[PDB]
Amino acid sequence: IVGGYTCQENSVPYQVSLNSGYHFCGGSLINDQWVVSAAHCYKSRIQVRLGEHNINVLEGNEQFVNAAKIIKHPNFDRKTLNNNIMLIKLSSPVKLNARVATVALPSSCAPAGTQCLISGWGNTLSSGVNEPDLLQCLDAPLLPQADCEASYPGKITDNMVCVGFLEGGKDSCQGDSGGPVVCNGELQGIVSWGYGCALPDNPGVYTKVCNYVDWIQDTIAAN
């Protein structure tokens, strides 16, 4: 998260860190045993970490659970990033408390101009390297499709949405990938791609969750 702020502790209860020796991607908790994240964050062995705040210090509220199943969307396209979404079924169900809590799924799609919350333990700078220890938060709105498509000529699908600022300075970055975009208590996006981080005229491009409610449900009823 470039240009956001440090989230108040345990204030995005549904955020998870995907661990593979170190943090590499975020996701979000949809029920007690399923996490949604991004196909591009696929790894054959993932440990999910919940109730985190400081990613590099054991604080006493974490639950560490292995992925039992890792299911990329059948139409995931690596080249284009189309359908970038994946589901993770945890080896066991977590303990739901004030710090580990689900996030709802959209009842419809949120229109452009809606105000959303974005979070992650991804890069905090436009140029250079800085990985934070504390979870960063970012208030940003969905942008009109028109604006999304002009930024990325012929690069945008019916399942991608841009969230951000055309001016730059405030964005998601590497390490935020698979994490949540939440709009009026609902999971509307998933960090997917962008050119650089927080550059002018290159807003974040996100997976549009509203297009996959049916899939999810389905996937979870079948596994």
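Counting begins at 1, following the sequence as shown.
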Looking at the deposited entry, does 117-125 or 87-95 carry the larger mean Cα B-factor?
87-95
Averaging the C-alpha temperature factors as deposited, the higher value of 128-136 versus 105-113 falls on 128-136
Which one, 196, 169, 180, 60, has the peak C-alpha temperature factor per the PDB entry?
60
Per the PDB entry, which option out of 216, 222, 2, 7 has the greatest Cα B factor?
7
Pull the Cα B-factor of residue 176 out of the PDB entry and bin it into the chain's lowest, middle or highest third.
lowest
Please rank the C-alpha B-factors of the chain's modelled residues and tell me whether residue 144 sits in the lowest, middle or highest third.
lowest
CA B-factor placement of residue 203, once the chain's modelled residues are sorted into thirds
highest
Within this chain, which third does the Cα B-factor at residue 55 fall in: lowest, middle or highest?
middle
What third of the chain, by the recorded C-alpha B-factor, contains residue 46?
highest
